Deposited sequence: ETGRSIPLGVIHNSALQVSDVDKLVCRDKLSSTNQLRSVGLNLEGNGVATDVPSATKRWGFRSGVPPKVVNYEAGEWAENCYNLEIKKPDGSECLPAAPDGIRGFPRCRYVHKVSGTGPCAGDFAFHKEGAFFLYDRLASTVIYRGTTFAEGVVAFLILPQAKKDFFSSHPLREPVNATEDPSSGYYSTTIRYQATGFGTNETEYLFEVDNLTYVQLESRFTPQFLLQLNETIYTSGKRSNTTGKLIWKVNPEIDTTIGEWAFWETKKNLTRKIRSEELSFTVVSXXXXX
């Protein structure tokens, strides 16, 4: 059937039945209709970078599509990708004119690195959208901050802080992807799924203050010994 439209009846939200007509329903101006976007975050999906990237994939033959939405949710986690093939060619297209990043992100997970990118565009494997500034797209644009989400349409009844977290990635978009969390351009930490955004920032500050940054010209990589929703080489132990 057609695109569902949400309405409030009997102190509950419901989908309006097109086949039946309710004359008590009053629509007095187009201002009473709204499109809203809701974040996958809010349904309990894992938001760590290894888990989130496994939901995206490259595909050819399918033209991208964009739909607008008027209101959105403050996100805890957004993503921003700069992925090249091993030969240095870009994997994601430049943001089209008028598509800016998602406007409210507590943590922006910026991921750089390489992968095969066996497809013209990167889609959401579960059918969700990539949410930008009041535009929802079926594909990922290069270096543009997005939140994962879905769109709803409604009949209405008649400070801000952001912190970037940088990662390096090899084999992006595959079964065997490697992720490093970046402390400086020469100090990295082996990323795991269990590492929450707050834990990575503390790990960064403790590495800076304890002098565990690389004091050579080469690349230093740490591993961390093993020692709920957000709203509710070497070693180190």
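- When the deposited sequence is numbered from 1, the segments without any C-alpha atom are 1-3, 162-184, 254-260, 266-285.
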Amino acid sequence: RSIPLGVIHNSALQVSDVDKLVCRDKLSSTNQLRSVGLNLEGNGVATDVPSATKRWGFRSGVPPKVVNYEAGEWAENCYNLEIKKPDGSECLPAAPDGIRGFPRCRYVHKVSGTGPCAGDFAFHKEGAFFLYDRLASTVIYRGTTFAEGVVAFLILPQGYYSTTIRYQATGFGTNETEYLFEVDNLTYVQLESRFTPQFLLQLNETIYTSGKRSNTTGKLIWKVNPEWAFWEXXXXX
From here on, numbers count along this sequence of modelled residues.
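Rigid core here is just the name for the largest C-alpha set that superposes within 1.5 Å across the two forms.
- In terms of root mean square C-alpha deviation after superposing on the rigid core in 7 other deposited structures of this protein, the stretch standing farther out between 213-221 and 15-23 is 15-23.
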